[PDB]
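Enquirer: got an experimental structure here, sequence first:
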Amino acid sequence: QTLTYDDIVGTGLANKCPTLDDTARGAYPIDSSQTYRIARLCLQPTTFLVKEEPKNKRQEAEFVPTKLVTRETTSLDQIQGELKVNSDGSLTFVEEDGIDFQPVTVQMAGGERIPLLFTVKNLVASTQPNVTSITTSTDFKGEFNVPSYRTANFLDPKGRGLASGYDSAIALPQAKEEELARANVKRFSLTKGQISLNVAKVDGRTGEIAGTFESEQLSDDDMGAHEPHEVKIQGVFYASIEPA
Amino acid sequence: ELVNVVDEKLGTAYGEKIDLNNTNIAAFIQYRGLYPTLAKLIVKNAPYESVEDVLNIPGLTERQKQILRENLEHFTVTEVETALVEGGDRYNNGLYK
Amino acid sequence: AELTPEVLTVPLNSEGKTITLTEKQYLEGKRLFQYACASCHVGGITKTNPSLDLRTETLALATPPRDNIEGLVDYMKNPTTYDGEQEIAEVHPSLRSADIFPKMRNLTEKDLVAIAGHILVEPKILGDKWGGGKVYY
Amino acid sequence: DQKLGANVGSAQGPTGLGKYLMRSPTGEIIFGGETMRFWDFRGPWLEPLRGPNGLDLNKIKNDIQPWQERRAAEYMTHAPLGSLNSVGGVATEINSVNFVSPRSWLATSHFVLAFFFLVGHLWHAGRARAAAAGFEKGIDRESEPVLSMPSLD
Amino acid sequence: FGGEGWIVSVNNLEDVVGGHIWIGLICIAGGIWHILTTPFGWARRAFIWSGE
Amino acid sequence: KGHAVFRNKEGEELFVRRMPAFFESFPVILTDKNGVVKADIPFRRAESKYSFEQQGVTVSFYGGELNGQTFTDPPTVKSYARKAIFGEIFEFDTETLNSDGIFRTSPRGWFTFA
Amino acid sequence: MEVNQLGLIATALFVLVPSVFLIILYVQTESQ
Amino acid sequence: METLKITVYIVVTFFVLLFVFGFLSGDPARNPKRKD
Amino acid sequence: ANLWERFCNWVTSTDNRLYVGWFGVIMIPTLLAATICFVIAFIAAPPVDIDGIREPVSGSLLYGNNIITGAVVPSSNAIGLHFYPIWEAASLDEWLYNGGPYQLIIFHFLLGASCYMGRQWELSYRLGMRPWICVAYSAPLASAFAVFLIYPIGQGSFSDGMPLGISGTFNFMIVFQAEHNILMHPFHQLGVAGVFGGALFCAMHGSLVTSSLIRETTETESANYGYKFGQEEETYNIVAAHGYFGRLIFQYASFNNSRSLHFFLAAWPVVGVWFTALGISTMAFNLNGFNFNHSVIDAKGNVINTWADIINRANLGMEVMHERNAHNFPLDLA
Amino acid sequence: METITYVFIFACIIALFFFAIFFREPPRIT
Amino acid sequence: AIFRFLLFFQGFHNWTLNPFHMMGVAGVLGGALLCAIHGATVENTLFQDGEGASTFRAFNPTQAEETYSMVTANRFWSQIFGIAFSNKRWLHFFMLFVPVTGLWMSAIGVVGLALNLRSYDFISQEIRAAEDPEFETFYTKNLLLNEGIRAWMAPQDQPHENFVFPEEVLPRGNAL
Ligand code: CLA
Ligand code: CLA
Ligand SMILES: CC(C)=CCC/C(C)=C/CC/C(C)=C/CC/C(C)=C/CC/C(C)=C/CC/C(C)=C\CC/C(C)=C/CC/C(C)=C/CC/C(C)=C/CC1=CC(=O)C(C)=C(C)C1=O
Ligand SMILES: CCCCCCCCCCCCCCCC(=O)OC[C@H](CO[C@@H]1O[C@H](CS(=O)(=O)O)[C@@H](O)[C@H](O)[C@H]1O)OC(=O)CCCCCCCCCCCCCCC
Ligand code: HEC
Ligand SMILES: CC1=C(/C=C/C(C)=C/C=C/C(C)=C/C=C/C=C(C)/C=C/C=C(C)/C=C/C2=C(C)CCCC2(C)C)C(C)(C)CCC1
Ligand code: OEY
Ligand SMILES: [Cl-]
Ligand SMILES: [Cl-]
Ligand SMILES: [Fe+2]
């Protein structure tokens, strides 16, 4: 029903997306002449998988599970964008704005912590062609940008940075610099991720949809210091569509 | 093969002029009439392919187009540098006094 | 060095006329500036918007210009944005908004003038320190 | 910054955390930066922006009134930090503002008093016990308790 | 602890006035209690009975 | 390696300020013959005025192993400017002793201390 | 961590030698 | 996690009760001179 | 007697090698828990995001620290003052990342040391002693409460508690000076007088009694053998020690009442350390040390710097560097 | 090796505590 | 002036890291400890040598006898802390030794600093930190503070050097 902040505060529910009944299996008609918007998009991740970096034998890379260590801080919400109807009938969502990134740290077996910028920044996701309505078989697929996990002012523990900081290892005044260049020279990555959204619940009355998502993106590379990992994220999403 | 792209930018026109595609919004205080109103329009409206595209911004007044012309000599454009425009850094770049 | 009428002579208006303050008026505007302004503007910076300071050079490039008494007095009556486009009496203390900024309620025209002279005189004394922030402390 | 055109909801700060807004450990939306520690704060000027998940980006984008901006600026510039000779501000601030929060004065004075009253409790409690058993003036040389006790080793 | 705040968290005048009704009654009844009672044996054994 | 001479784009010769012995670390500041700051390696770059890129700082060597050479790319000029705070620039063998790059004192210092 | 390899021996002897000194003196005190 | 929580509540409770009851067990009389 | 009375008698037994007592019933389990957790954390604990900005600090020996740099790292700023027992974490790994051990340690420790103090009272009652040793211990105990509990409360976060380490202690000291000018605070000045003067009077008393030891031994033996445990006689000549010290200054600057002399020894350091604990506890609420920045100006209004202005320049460099990634807004208000 | 050395010395000190307390020379009233 | 000296020693010499100062800290705080605990112990093992509640009058400097009980003091500390003093001569010699030796040790460290012979760094930590941007400890955090102190205080503290530091070269974290 109506929940107040005071009802929710401290419970962990602020990190949860809204859900729809099991009887919300309707269809939302898409009026091609009309123009639409996602008034709220919520992505709540439930599992983080990291691809194993195998050995020199070119055997097999598997996605292994991980342990979240940064608590109920992972969900993207209040995301908005135009929902466009295209010529071929497909729908395209173009994100404008929202809380569209959370830094997350998971931990692998052995104790390696893997930070990542879980994000759908600049998301553009499209349906298959000729979609006269959104149904519990509707799929969006899209891609987003993954900016660097730290941004340009971030100083490392010896004071080095991109847009600020020392440009060298000042504690080793007369060391050969060439061995340290990768650490001394901060670099800002920008990469792409891919995401599937599978609508499995529709309240054709309200324009609410809900389902699951899977995304693949890269993890933090620490401003070029080491190579990132591949991450696969899975979870649930909720969105409400309003005529624009 | 490894370069600090912010240092490389200081060697371009970004280092001498207000770079409509990269410079932080506080730099528009340097010249009369630009801040806050026009600085906001400039930054908001994409990057620019040439300095003079700035006069084509929808909605300028005649007084505004005239201020922009007076200050074209203080503007440049260079390629957009991710590290300078990400994180909303064009609006707040961590620098105060 | 001492506080001399040369130091205490500041632009009255934009057209070039000047006016020479007394030591008494300077001290008085310093007190009043502490009373009414320093909470946000100590040493010529602006704590709640550090991009705008009270340096004469900055004041000069404001629209309208503010590197003179008349300009500053008018700013304390009807404040505007740096480019003159908006009135901001609602969030900046002024005589216009003495109802919501009570410390302005008692201020007289001779008071605002003293405050303006303090603002305009102080960078002649302190140089870079005025408006420079903590770098110059 | 929002007034200048920043999207304060999607602005990634240097650490990767939101520059203006982030989540608390239970997910509530809260102001970012070091103030993340103060997200439990509740006050009349701020609660209008609160929704069920914490701060609401639509209320932030649309419903902030001048009185809230005024209040926020007023309170920021009157944080309870100040010097013993009542120079308001952080320790590195120059003289100008003659201010110390009465919350500081009232908190510091009453901690000092409370602490000294715990000491007096210990003093007078210990003494009243010793007095009631009759050795508050010292040990009796002719019947020293320890002397009648077995050696520890 | 944080987010709870024991009694320091009271944030409305209804609860403030309310708890002072309880405390006033509690204190008045306690006053009568002690006027009419003498301490029980377990309490006599537990405390030191002196001015200091 | 040779005596390093620094010039800005205007051909004026600039002088690296030398590290005093108190300082474990020290910023790179070039001044003119009058001691007016003319170039530096900035910490915060967003509002730098004196960066080597902005000032067209070059280095040219006279004597030593680099005699008659001039370097113009800012990264190279910057590394030689960081050595110019130590005084004259020398080529070192760090491999043989597995040297770590951190200054030691001399027998004069050790005798005096003991 | 790239520590000093003579650190181990310096620490070991620093403990060992003075401690053995004291042990020698204590035991021969006890046996008289 | 729940099991840990309960086990610490019980342990803490047990020790706190000993403390209260011990001091209630006529502690003023436990001294070398006057048994009140 | 019955089983409860047997147990009570053992607990309060004056014949146990170590006194237990009712305070000891709480002291022992809490100090044990704190000690075990500390030792394991200092050796093995993984890195801790002290400042809540996903920038973990390594504190333990196995993660590349030594004795001097190692620490149990304070818990995350994201947690602030929230209680974070193991059972509130989703996993031990989460608990370790976020600095859980620091909470467990300091809470058990503060609780155990409070009971240590009460235990000092208790045994003094069973032995027939005067009771006020525990009051002397309250000076260091209060000091511990100030850096682990009071200062976090006023600043709103345990991530600004003192770290449990040697280098972390210095970090805490430096950041403090920058944000409170503690050196210019008179309560800290009283603490320095307390410990300097306590060291003085420590050496003074030792030297003066040592100087007036009565000849009871020969030159081939330690003079210490001139004192026999329990002996009724005194082993030095306080009159001689008064006569020496009275002349070294003047007669009335010197004590000849042993009781007065030794109360002075108790009171001086204890008081001073009370003030410096109160100094931390009140800077916790941001009543900082004197501020004379730009207090001297000349006839024109130029700033004439003093040594206070020089201190401020040092304070500013501490201010602008500490937690270099943790501030997004220009004032460091907590 | 350096971790082992720090921990060994710490361990030895804890051992010395035990002997210093429980196997002290007993003070006796002469 | 002395406070500036302290902070100078932190930023330039990293004096808190120096083991000779650490010994000196232990000797001074240890002296204060001994001062307080010996004075309190004596005041709370006094014998009743008078009938007044103010126990100071019950001492006569000519008296032969100990004014407090060494035997009860020893037992108290044995059972509280595990050991106690049992020899009053060792006790007061140790009170001389501790703070005197502490100050002597700190002197040696300062003689070192005359030559800038500092314990400023730990090489192994700098080699790792230089290579590993994710390695942070309280040691590296405090060096950044030292770097802040030096560049912000030097120009005014050593004016004869004519240090001129453009704002852009000043080490600063974000925002502040
Ligand atoms: C200034 C207030 C005050 C004081 C000093 C006293 C003092 C006394 N009362 Mg009275 N009393 C008061 C107010 C007061 N009372 C009021 C207002 C009421 C009405 C509720 C009562 C009701 C009352 C009763 C019914 C009895 C007493 C009794 C006593 C005696 C023993 C108290 C005792 O053992 O302590 C406390 C000791 C304990 C062992 C209590 C438990 C200790 C644990 C740790 C605390 C847990 C319980 C706590 C109350 C609730 C937790 C609150 C927490 C969340 C902060 C003592 C003379 C007793 C007596 O002898 O009567 C003649 C008795 O039986 N009083
Ligand atoms: C004297 C014994 C003692 C004391 C006082 C403490 C005290 C504490 N421990 Mg520690 N602990 C102890 C022994 C003790 N411990 C031992 C022996 C162990 C080893 C297993 C631990 C292991 C341990 C862990 C692993 C953790 C603590 C934590 C804590 C803190 C919170 C405790 C809490 O939430 O319970 C609150 C207190 C109560 C519930 C009792 C109140 C007393 C009233 C009068 C009775 C209440 C009845 C009770 C609710 C009913 C219980 C049964 C029911 C649940 C079925 C606190 C500082 C946590 C911590 O440090 O967080 C930072 C934590 O994570 N302790
Ligand atoms: C130039 C020419 C012509 C030269 C000729 C010289 C000439 C002959 C002149 C004549 C002399 C003359 C006129 C001199 C004038 C100049 C003069 C007065 C100089 C001033 C010099 C000066 C600055 C002196 C220093 C001041 C000073 C150190 C003294 C004041 C401070 C002071 C009293 C400190 C000590 C405080 C004190 C009470 C200590 C107690 C410590 C204590 C607890 C000790 C423990 C302890 C104490 C006991 O008590 C006993 C018992 C026992 C057991 C024990 O544990
Ligand atoms: C102008 C403004 C208004 C004025 C304000 C006035 C305020 C004054 C404050 C209150 C005065 C307190 C009285 C002293 C207490 C006292 O008498 O003790 C009782 C004893 C009895 O004295 C002893 O007296 C004995 C006789 S009897 O016991 O008094 O009866 C005698 O036997 C013995 O020889 C003799 O030594 O005194 C002492 O033995 C002498 C030492 C006194 C030390 C006092 C406290 C310690 C100082 C702490 C230092 C703090 C600094 C911390 C670090 C910086
Ligand atoms: C915080 C509540 C303030 C106090 C109190 C005062 N000022 Fe202010 N000032 C403040 C802000 C946030 C701004 C910028 C507003 C904008 O968006 O443009 C200002 C600006 C000024 C200026 C303009 C300076 C310029 O460089 O153009 C002046 C001249 C000025 N303020 C003066 C002033 C005076 C005299 C005050 C005391 C009566 C005063 N301000 C108080 C914030 C705050
Ligand atoms: C007003 C108000 C309110 C209310 C209040 C109330 C209702 C309260 C109550 C209170 C109470 C209800 C309290 C109680 C307390 C208690 C106590 C504090 C106790 C203590 C105890 C003790 C002290 C004991 C001790 C001991 C022991 C343990 C053992 C033996 C010995 C002895 C006895 C010593 C509120 C908050 C709502 C709000 C605001 C206002
Ligand atoms: O001093 Mn500076 O202030 Ca007290 O918080 Mn804000 O910064 Mn940070 O976390 Mn530890 O520290
Ligand atoms: Cl820090
Ligand atoms: Cl911040
Ligand atoms: Fe003694």
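Expert: Thanks, I have it. Numbering: from 1, shown residues only, chains lettered A, B, ... in the order given. Ligands and ions are numbered 1, 2, ... in the order given.

Enquirer: CA atoms for contacts and neighbours, from now on please.
Expert: Will do.

Enquirer: how about the residues of chain E by chain D?
Expert: Residues of chain E lying close to chain D by CA under 8 Å from any CA of the partner chain are E:2, E:3, E:48, E:50, E:52.

Enquirer: which of these are buried? Put it as a ChimeraX command.
Expert: Selection of buried members from those for ChimeraX, criterion 16 or more other CA atoms under 10 Å in any protein chain shown:
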select /E:2,3,48
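
Enquirer: ok, the residues of chain E next to chain D vs chain K, which is closest?
Expert: residue E:52 (13.7 Å; CA to the nearest CA).

Enquirer: right, and the closest one touches residue D:124 too?
Expert: Yes. Residue E:52 lies in contact with residue D:124 (CA atoms under 8 Å); the separation is 6.3 Å.

Enquirer: kindly report the residues of chain J close to chain G.
Expert: So far as CA under 8 Å from any CA goes, chain J lies against chain G at J:1, J:2, J:5.

Enquirer: residues making contact with the host helix or strand of the last one?
Expert: Yep, that's residue J:5 we're talking about. Here residue J:5, judged by DSSP states H and E, is contained in helix J:2-22. Residues outside helix J:2-22 that contact it (CA atoms under 8 Å, 6 or more residues apart in numbering or on different chains) are G:8, I:61, I:62, I:66, I:67, K:82, K:83.

Enquirer: from the chain's centroid, how far away is stretch I:83-99?
Expert: Computed by CA atoms, centre = their mean, to the nearest Å, the chain-centroid distance of stretch I:83-99 equals 28 Å.

Enquirer: circling back to that earlier point, could you dump the residues of chain E next to chain D to CSV with distance to residue I:244?
Expert: Below are the residues of chain E next to chain D laid out as CSV (distance: CA to CA, whole Å):
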residue, distance to residue I:244
E:2, 59
E:3, 63
E:48, 47
E:50, 46
E:52, 42
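
Enquirer: tell me the two of the residues of chain E next to chain D that are most distant?
Expert: Using CA to CA, the two most remote members of the residues of chain E next to chain D are E:3 and E:50, lying 42.2 Å apart.

Enquirer: ok, the residue in chain J that chain A sits nearest to to chain G distance?
Expert: In chain J, the residue that lies nearest chain A is residue J:3 (19.0 Å; CA to the nearest CA). Residue J:3 is 10 Å from chain G, where distance means CA to the nearest CA, to the nearest Å.

Enquirer: try residue I:246
Expert: 41 Å.

Enquirer: go on, residue C:22?
Expert: 69 Å.

Enquirer: can you count the residues close to that residue?
Expert: 15 (other CA atoms under 10 Å in any protein chain shown).

Enquirer: and what of residue I:222?
Expert: 11.

Enquirer: before we move on, back to that, overlap in contacts of residue E:52 and residue D:124?
Expert: With CA under 8 Å, 6+ apart, residue E:52 and residue D:124 have no common neighbours.

Enquirer: and chain A, split by domain according to the record?
Expert: Per CATH domains of a matching chain, the domain ranges recorded for chain A read A:22-150+A:187-244, A:151-186.

Enquirer: nearest to residue C:41, of the ones you listed?
Expert: Closest of the domains of chain A to residue C:41 is domain A:151-186, at 27.0 Å (criterion: CA to CA).

Enquirer: how about that closest one: buried residues?
Expert: Quick answer for domain A:151-186 (16+ other CA under 10 Å): A:151-176, A:180-186.

Enquirer: what sits against residue 35?
Expert: You didn't say which chain, so I picked chain A. Here residue A:35 is in contact with A:83, A:84, A:85, A:243, A:244 (criterion: CA under 8 Å, 6+ apart).

Enquirer: please go with chain I instead
Expert: residue I:105.

Enquirer: helices or strands up against the helix or strand containing residue D:117?
Expert: Per DSSP H and E, residue D:117 falls inside helix D:102-133. Under the contact criterion of 3 or more CA pairs under 8 Å, 6 or more residues apart in numbering or on different chains; DSSP states H and E, helix D:102-133 touches helix I:100-126, helix I:133-145, helix I:258-283, strand I:287-288.
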